[PDB]
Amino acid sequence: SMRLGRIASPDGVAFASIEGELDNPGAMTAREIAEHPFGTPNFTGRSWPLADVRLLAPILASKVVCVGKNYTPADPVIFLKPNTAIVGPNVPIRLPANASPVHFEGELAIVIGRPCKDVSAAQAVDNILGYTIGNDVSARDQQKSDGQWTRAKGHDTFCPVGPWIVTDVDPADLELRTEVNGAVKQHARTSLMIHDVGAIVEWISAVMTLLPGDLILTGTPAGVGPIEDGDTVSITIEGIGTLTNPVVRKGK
């Protein structure tokens, strides 16, 4: 029953249990994890107020598997983002000088907690560490131009993830809200997903082995739109928190 994150503290880089009321992130306690972040974590004894440490991307994923069109049936359409696209909370998304329009896409993210393959939808729960937030950043011109979505979605910084992974949250009916400079762009519930978390894990794990720490982005609701130099994009998911990233365009 925890928020699993990663931190850069005085004593270095570590997993941590991030404790406290969600509406006061400053006064939250980062309780340093020693071993077994995907099993039963044990703790070093050290902790810091969260304000005192750098909050990082909550996982080092070997791959990011993603779902296309998934909000209100056709089979899931999946694609990959390279783990070099991942950044954590508050790290800038850097737009290539030549790419326009570049879109945000707020998404519920699944974090896989153990090696698995050929998992049934009903068994997905036993293989899921928990849930976090992803921003499936996408160069739309490049999507249309390539047909394949890989390049459009694969630029460095195009996979913000965080702020942390919640292990006990039920993904079936959670609100997701995306803001760009405080203006609401996406506003929907995960209960509108065409393929639910179990169906997504069943589908993907029938294709490829999923490893502890692997991320799955489960698709974005209506209201996708452009981001530009100077913008800030915040995605909030109920029961999880808020993933926020500034935006800069290269060459400015």
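Residues carry their position along the shown sequence, with the first being 1.
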Original post:
Are any deposited residues left out of the model between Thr72 and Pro73, and how many (none, 1 to 3, 4 to 9, 10 or more)?
Top reply: 10 or more
**OP:** Take the C-alpha B-factors listed in the entry for 237 to 245 and for 15 to 23, compute each mean, and give the stretch with the larger one.
**Re:** 15 to 23
Subject >> 155 to 163 set against 101 to 109, stretch whose average Cα temperature factor tops the other in the entry >> reply: 101 to 109
Original post:
When you compare the CA B-factors of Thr150, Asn181, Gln123, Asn90 as listed in the entry, which one comes out on top?
Top reply: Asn181
Original post:
Looking at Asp52, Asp214, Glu202, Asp196, which has the highest Cα B-factor in the entry?
Top reply: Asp52
Original post:
What third of its chain's C-alpha B-factors does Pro37 belong to: lowest, middle or highest?
Top reply: middle
**OP:** Sort the modelled residues of this chain by their C-alpha B factor and say whether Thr29 lands in the lowest, middle or highest third.
**Re:** highest
Original post:
Which third of the chain holds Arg114 when residues are ordered by C-alpha B factor: lowest, middle or highest?
Top reply: middle
Subject >> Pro96 - which third its CA temperature factor falls in, relative to the rest of the chain >> reply: highest
Original post:
Lowest, middle or highest third of the chain for the C-alpha temperature factor of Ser62?
Top reply: lowest
